[PDB]
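First, one chain by itself: the form deposited without its partner chain, in structure tokens.
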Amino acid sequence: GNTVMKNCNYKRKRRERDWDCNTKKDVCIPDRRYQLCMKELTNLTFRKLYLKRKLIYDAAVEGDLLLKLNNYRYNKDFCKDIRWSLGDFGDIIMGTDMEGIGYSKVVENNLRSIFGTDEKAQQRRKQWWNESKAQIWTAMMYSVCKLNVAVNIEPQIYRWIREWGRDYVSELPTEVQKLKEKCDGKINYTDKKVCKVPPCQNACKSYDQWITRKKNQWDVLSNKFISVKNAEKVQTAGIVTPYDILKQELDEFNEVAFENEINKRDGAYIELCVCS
């Protein structure tokens, strides 16, 4: 949200920067959303025709940067990223985006001068997005997934939970492996390495900080899910609890094991990092 041009010219590596729960404390915001290319949208009837051109250019630039981020590989990770960014464009257009920081406020203003602010303006916006989303997807996919699978409108908090889940299950093995390499087993016949070995202690503290961020992020996102769902009665067939989203998004997700992990009571964390 804090720049306009530089973020249409390069992305950070994925997970280079963790979800941000501090800026607006009722939600956690992914780095990808912060970096969403909206240069033309910012520098912005015939105005509606001009809007569509500007949104197509931003979307193509976003989709191309995400390809380069995925090392030009055309695979599921790339397709998911396309879907997440497409979805956020949608919410920005529809006026239901949860970021609303910095230059996103300027874009919201631009849209208001184009569509109006009356009660039924938001209705116009939603309709215009429906009629445009296919083309935006095409535009993101131009440099190169399942179109109709993406175009399905889902509330933003649902989609950010899917994205969050994929980040968590990608981070978890790396973090556990780091722990293992420093802390596995014992320093003598009785005492775990964490009892006395400083590099193991360092490693456990680093893990603690990571899993504490994961827990706070799951707590904020999952509670946002519940309040959004209560406030606009988001009736979604497959999905009753926020855990349903993780179950459906993630291979071999075990929700009991998940709660154990983010609350530091799983077998691996206890074995490696709890002296007593």
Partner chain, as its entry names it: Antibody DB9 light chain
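Numbering follows the first chain given and starts at 1. Only the largest set of C-alpha atoms that superpose within 1.5 Å between the two forms is called the rigid core.
Absent from the display: the form deposited with its partner chain bound. The rest refers to it.
Asker: Do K247 and its partner chain come within 4.5 Å of each other in the deposited bound form, heavy atoms counted?
Answerer: Contact check for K247: yes, within 4.5 Å of its partner chain in the deposited bound form.
Asker: With the partner left out of view, is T23 within 4.5 angstroms of its partner chain in the deposited bound form by any non-hydrogen atom?
Answerer: Contact check for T23: no, nothing within 4.5 Å of its partner chain in the deposited bound form.
Asker: Are any of the heavy atoms in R12 no more than 4.5 Å from a heavy atom of its partner chain in the deposited bound form?
Answerer: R12 lies outside the contact set for its partner chain.
Asker: Since only the chain is shown here, I'm wondering whether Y243 would be in contact with its partner chain in the deposited bound form (any heavy atom pair within 4.5 Å).
Answerer: Yes, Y243 sits close enough to its partner chain in the deposited bound form that at least one of its heavy atoms falls within 4.5 Å.
Asker: Which residues in 243-270 have a heavy atom within 4.5 Å of its partner chain in the deposited bound form?
Answerer: Those in contact are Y243, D244, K247, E255, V256, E259, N263, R265.
Asker: If you fit the two forms on their rigid core, which residue out of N71, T190, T117, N75 shows a CA shift of at least 2 Å between the shown form and the other one?
Answerer: C-alpha shift of at least 2 Å: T190.
Asker: Please determine whether the C-alpha atom of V240 is displaced by 2 Å or more between the shown form and the other one following superposition on the rigid core.
Answerer: Not so; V240 is displaced by less than 2 Å.
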